[PDB]
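Trainee: Below you'll find the structure I mean.
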Amino acid sequence: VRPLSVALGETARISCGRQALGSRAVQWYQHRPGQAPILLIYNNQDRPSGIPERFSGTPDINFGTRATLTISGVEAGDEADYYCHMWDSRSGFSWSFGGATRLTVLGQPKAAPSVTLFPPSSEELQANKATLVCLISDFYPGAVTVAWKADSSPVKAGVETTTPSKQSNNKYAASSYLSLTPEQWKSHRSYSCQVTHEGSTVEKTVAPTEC
Amino acid sequence: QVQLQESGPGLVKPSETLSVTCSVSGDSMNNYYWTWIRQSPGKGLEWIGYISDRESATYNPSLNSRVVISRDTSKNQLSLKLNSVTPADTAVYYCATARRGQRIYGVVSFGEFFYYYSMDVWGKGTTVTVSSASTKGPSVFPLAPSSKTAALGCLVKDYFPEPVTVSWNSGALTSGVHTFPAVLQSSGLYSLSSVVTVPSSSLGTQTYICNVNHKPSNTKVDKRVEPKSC
């Protein structure tokens with residue numbers, strides 16, 4: 001990928017990875033994680049219905065005009081991978097979609113994480129296992145620290161945590177799982193999931209002795 | 001209102017044949033050219049091939065003649081078969097319509113034109129993993145609501161391969177739903193959680209069921225989530 005970053009509201013200009021020799025026909029595709037790719041622009045400038053007119057391509061007008069995708073008033077929701085599928089009269093059949101330009105949109109408001117911590121279910125404990133589940137959502141930017149405590153002692157055993165990734169609302173989500181024996185679960189006064197984000201901390205606690 | 005939905009095996013062993021289907025709705029397959037594109041972990045989009053009207057298919061040489069694309073008009077289905085698979089064939093596979101354009105840059109009579117394709121309608125994709133490891137269906141546990149809105153959910157534990165889909169109340173409950181990205185454990189097994197924030201005063205009266213689907217293992221678990229016995 002070719003990373004590019006632009007501030008909210010600014011005009012992004014993404015250059016095609018390959019330049020045309022002769023007459024060209026260029027398609028642009030947007031690909032957001034968890035979604036099918038979407039056709040943004042075809043035949044150089046044509047815009048499918050449903051695509052915002054904030055998106056435009058370069059016309060082929062016999063200037064040495066580099067094919068470029070322009071996005072005016074860049075929004076958080078424009079953060080995606082962009083593909084320029086370049087066809088020209090000298091290059092032969094274009095099997096490659098080319099590399100992605102990964103557009104990161106910066107300048108968004110800090111948002112503190114929502115944190116939900118679930119203790120082990122009675123059903124899991126009956127099966128002789130125990131998992132604490134910490135779900136972290138709606139935060140921005142994406143850098144976060146997730147720590148677990150047993151009572152007040154830090155813990156590093158049984159801990160599996162995801163890399164944060166963008167949600168549909170363009171904030172981040174992550175989760176952390178702490179695997180315990182039922183005996184460990186019941187023998188402590190409490191366990192906490194502690195999430196530190198931009199210098200501040202959201203912390204949830206569960207206890208075997210409380211509902 | 002033409003719509004595309006892919007379906008596949010979820011897991012194939014190396015050296016076997018990967019077979020995916022795309023069901024077409026809202027129009028006749030006959031009114032479109034068809035294509036498959038895949039999206040591999042760590043790689044960009046890869047164009048597999050396309051098939052025109054007269055059942056004539058053209059394939060990306062990158063797949064080294066391992067690919068067959070075909071139509072079954074009696075089912076309005078598009079098919080892809082990829083043989084001799086390796087872990088490099090692990091990807092999300094998408095079906096799409098293709099629009100053929102013709103750019104003339106000189107006299108047509110002298111063949112001074114080229115055809116190009118725009119992919120205008122895409123399916124949602126279907127994940128296929130190529131591994132010698134055996135599939136494993138998840139164990140599903142309820143994540144009961146606080147006793148003190150409240151969040152409740154389902155823990156979808158220890159499965160392979162990706163993905164798992166979760167709905168709530170058989171699709172009827174969508175607002176406030178959040179299914180989180182799975183964690184990949186050291187064991188190479190996945191776990192995820194799905195949460196829904198619902199009104200606290202709905203608890204005990206309103207039924208909340210998380211529907212878990214892991215296609216590769218043919219696991220469908222319907223898990224009621226009720227308030228803590230305490």
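Labeling convention for the structure tokens: chains A, B, ... as they appear, residues from 1 per chain, ligands from 1 in order of appearance.
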Contacts from chain A to chain B, 7 Å maximum, only C-alpha atoms: show me the residue list as a PyMOL selection string.

Mentor: chain A and resi 23+27+35-36+39+42+87+89+95-97+99-100+118+121+123-124+160-162+211

Trainee: Output N, CA and C atoms for every residue in that selection, as a compact mmCIF listing (two decimals), in the first residue's frame.

Mentor:
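File selection_30.txt, as written:
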```
# COMPACT_ATOMS: atom_id res chain seq x y z
N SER A 23 -4.13 6.74 -25.29
CA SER A 23 -5.53 6.84 -24.87
C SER A 23 -5.80 5.93 -23.68
N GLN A 27 -10.71 3.34 -14.22
CA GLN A 27 -11.73 3.08 -13.22
C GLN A 27 -11.12 3.24 -11.84
N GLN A 35 -16.41 -4.70 3.83
CA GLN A 35 -17.35 -4.39 2.77
C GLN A 35 -16.82 -4.89 1.43
N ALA A 36 -17.73 -5.09 0.49
CA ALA A 36 -17.33 -5.30 -0.90
C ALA A 36 -16.77 -4.00 -1.44
N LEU A 39 -17.48 0.69 -7.06
CA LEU A 39 -17.02 1.46 -8.21
C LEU A 39 -17.33 2.94 -8.00
N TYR A 42 -15.77 5.57 -13.52
CA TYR A 42 -15.39 4.71 -14.65
C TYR A 42 -15.25 5.51 -15.94
N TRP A 87 -6.30 1.33 -17.82
CA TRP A 87 -6.31 0.67 -19.12
C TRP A 87 -5.79 1.68 -20.14
N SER A 89 -3.85 2.14 -24.41
CA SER A 89 -3.76 1.56 -25.73
C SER A 89 -2.39 0.95 -26.02
N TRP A 95 -4.81 -6.83 -16.17
CA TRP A 95 -5.24 -7.83 -15.20
C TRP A 95 -5.07 -7.34 -13.77
N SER A 96 -4.14 -6.42 -13.56
CA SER A 96 -3.83 -5.98 -12.21
C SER A 96 -4.67 -4.76 -11.85
N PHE A 97 -5.26 -4.79 -10.66
CA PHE A 97 -5.93 -3.61 -10.10
C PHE A 97 -4.92 -2.60 -9.57
N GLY A 99 -1.64 -1.40 -6.96
CA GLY A 99 -1.57 -1.36 -5.51
C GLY A 99 -2.62 -0.43 -4.94
N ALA A 100 -2.92 -0.58 -3.65
CA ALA A 100 -3.90 0.28 -2.98
C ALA A 100 -3.25 1.54 -2.42
N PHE A 118 -17.53 -8.49 31.09
CA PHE A 118 -18.40 -9.60 31.49
C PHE A 118 -17.60 -10.63 32.27
N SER A 121 -19.61 -16.93 32.46
CA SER A 121 -20.99 -17.39 32.59
C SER A 121 -21.04 -18.63 33.47
N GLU A 123 -22.63 -21.15 32.69
CA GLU A 123 -22.51 -22.24 31.72
C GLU A 123 -21.05 -22.58 31.38
N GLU A 124 -20.22 -21.56 31.19
CA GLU A 124 -18.79 -21.80 30.95
C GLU A 124 -18.12 -22.43 32.17
N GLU A 160 -5.52 -12.33 25.81
CA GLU A 160 -5.51 -12.22 24.35
C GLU A 160 -6.28 -10.96 23.97
N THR A 161 -5.61 -10.03 23.30
CA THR A 161 -6.18 -8.72 22.97
C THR A 161 -6.02 -8.47 21.48
N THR A 162 -7.05 -7.90 20.86
CA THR A 162 -7.04 -7.61 19.43
C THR A 162 -6.30 -6.31 19.12
N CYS A 211 -23.31 -9.78 41.97
CA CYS A 211 -24.16 -10.01 40.81
C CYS A 211 -23.89 -8.99 39.70
```

Trainee: Compile the contact shell of residue 15 of chain A as a ChimeraX atom specification: residues with an atom at most 12 Å away, counting only C-alpha atoms, same-chain residues fewer than 5 positions apart removed.

Mentor: /A:2-4,20,26,28,57-58,65-71,82-86,98-103

Trainee: Atom CA of residue 125 of chain A and atom CA of residue 205 of chain A are how many Å apart?

Mentor: 18.5 Å

Trainee: With only C-alpha atoms as the basis for distance, which of A:136, A:147, A:80, A:61 is at the shortest distance from residue 174 of chain A?

Mentor: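 Distance minimum relative to residue 174 of chain A lands on A:136.
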
Trainee: Can you list, as a PyMOL selection string, all residues belonging to segment 45-210 of chain B that DSSP tags as strand (DSSP E)?

Mentor: chain B and resi 45-51+57-59+67-72+77-82+91-104+113-118+126-130+139-143+150-159+165-168+177-179+183-184+190-198+209-210

Trainee: What does the distance from atom CA of residue 211 of chain B to atom CA of residue 120 of chain A come to in Å, to one decimal?

Mentor: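 Distance between the two atoms: 19.8 Å.
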
Trainee: Of the candidates B:177, B:128, B:68, B:78, which shows the shortest atom-to-atom distance to residue 4 of chain B, using only C-alpha atoms?

Mentor: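 Among B:177, B:128, B:68, B:78, it is B:78 that comes nearest to residue 4 of chain B.
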
Trainee: At a cut-off of 10 Å, using only C-alpha atoms, what residues contact residue 54 of chain B? Leave out same-chain residues fewer than 3 positions from it and give the result as a list in words.

Mentor: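 Counting only the stated atoms, we get residues 30, 51 and 57 of chain B.
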
Trainee: Quick one: residues within 12 Å of residue 157 of chain A, only C-alpha atoms, excluding same-chain residues fewer than 2 positions away - as a list in words?

Mentor: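 The filter keeps residues 131, 147, 148, 149, 150, 153, 154, 155, 159, 160, 161, 177, 178, 179, 180, 181 and 184 of chain A.
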
Trainee: Between B:81, B:38, B:215, B:66, which residue has the minimum interatomic distance to residue 159 of chain B, considering only C-alpha atoms?

Mentor: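 Under the stated criterion, the closest residue is B:215.
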
Trainee: Between atom CA of residue 115 of chain A and atom CA of residue 5 of chain A, what distance in Å does the model show, to one decimal?

Mentor: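 Straight-line distance from atom CA of residue 115 of chain A to atom CA of residue 5 of chain A works out to 28.7 Å.
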
Trainee: My list of candidates is A:202, A:135, A:112, A:105. Which is closest to residue 77 of chain A when distances are computed with only C-alpha atoms?

Mentor: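 Selected residue with least distance to residue 77 of chain A: A:105.
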
Trainee: So which residues touch segment 72-77 of chain B within 7 Å, counting only C-alpha atoms, skipping near sequence neighbours fewer than 5 positions away, as a list in words?

Mentor: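 Counting only the stated atoms, we get residues 21, 22, 23, 24, 28 and 29 of chain B.
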
Trainee: Restrict the selected residues to N, CA and C atoms and save them as a CSV table (one decimal), in the first residue's frame.

Mentor:
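So part_10.csv came out as:
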```
chain,number,residue,atom,x,y,z
B,21,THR,N,-20.0,-20.5,-5.2
B,21,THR,CA,-21.1,-20.1,-6.0
B,21,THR,C,-21.6,-18.7,-5.7
B,22,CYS,N,-22.2,-18.1,-6.7
B,22,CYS,CA,-22.9,-16.8,-6.5
B,22,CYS,C,-24.3,-16.8,-7.0
B,23,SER,N,-25.3,-16.7,-6.1
B,23,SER,CA,-26.7,-16.7,-6.5
B,23,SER,C,-27.1,-15.3,-6.9
B,24,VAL,N,-27.7,-15.2,-8.1
B,24,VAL,CA,-28.1,-13.9,-8.6
B,24,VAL,C,-29.6,-13.7,-8.5
B,28,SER,N,-32.1,-11.7,-14.8
B,28,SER,CA,-31.5,-12.8,-15.5
B,28,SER,C,-30.0,-12.6,-15.6
B,29,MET,N,-29.2,-13.7,-15.3
B,29,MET,CA,-27.8,-13.7,-15.5
B,29,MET,C,-27.4,-13.4,-16.9
```

Trainee: Hey, what's within 10 Å of residue 166 of chain A if we count only C-alpha atoms and toss same-chain stuff fewer than 6 positions away? As a ChimeraX atom specification, please?

Mentor: /A:32-34,79,137-142,172-174 /B:181

Trainee: The selected residues should be written to file as a CSV table (one decimal), in the first residue's frame (atoms: C-alpha atoms).

Mentor:
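The new file selection.csv reads:
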```
chain,number,residue,atom,x,y,z
A,32,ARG,CA,-13.5,-0.3,3.1
A,33,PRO,CA,-12.8,-3.1,5.6
A,34,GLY,CA,-15.7,-5.6,5.9
A,79,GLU,CA,-11.0,6.3,4.9
A,137,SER,CA,-15.6,0.6,21.6
A,138,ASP,CA,-16.2,4.0,20.1
A,139,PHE,CA,-12.7,5.4,20.8
A,140,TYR,CA,-10.5,7.7,18.7
A,141,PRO,CA,-7.6,7.8,18.0
A,142,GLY,CA,-6.8,4.0,17.9
A,172,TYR,CA,-12.2,2.1,16.8
A,173,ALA,CA,-13.1,-1.2,18.6
A,174,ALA,CA,-11.0,-3.7,20.4
B,181,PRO,CA,-13.6,-8.5,15.3
```

Trainee: For residue 14 of chain B, find every residue with an atom within 10 Å (counting only C-alpha atoms), except residues of its own chain fewer than 2 positions away, and show them as JSON, numbers by chain.

Mentor: {"B": [11, 12, 16, 17, 18, 83, 84, 85, 86, 87, 88, 89, 129, 130, 131, 132, 133]}
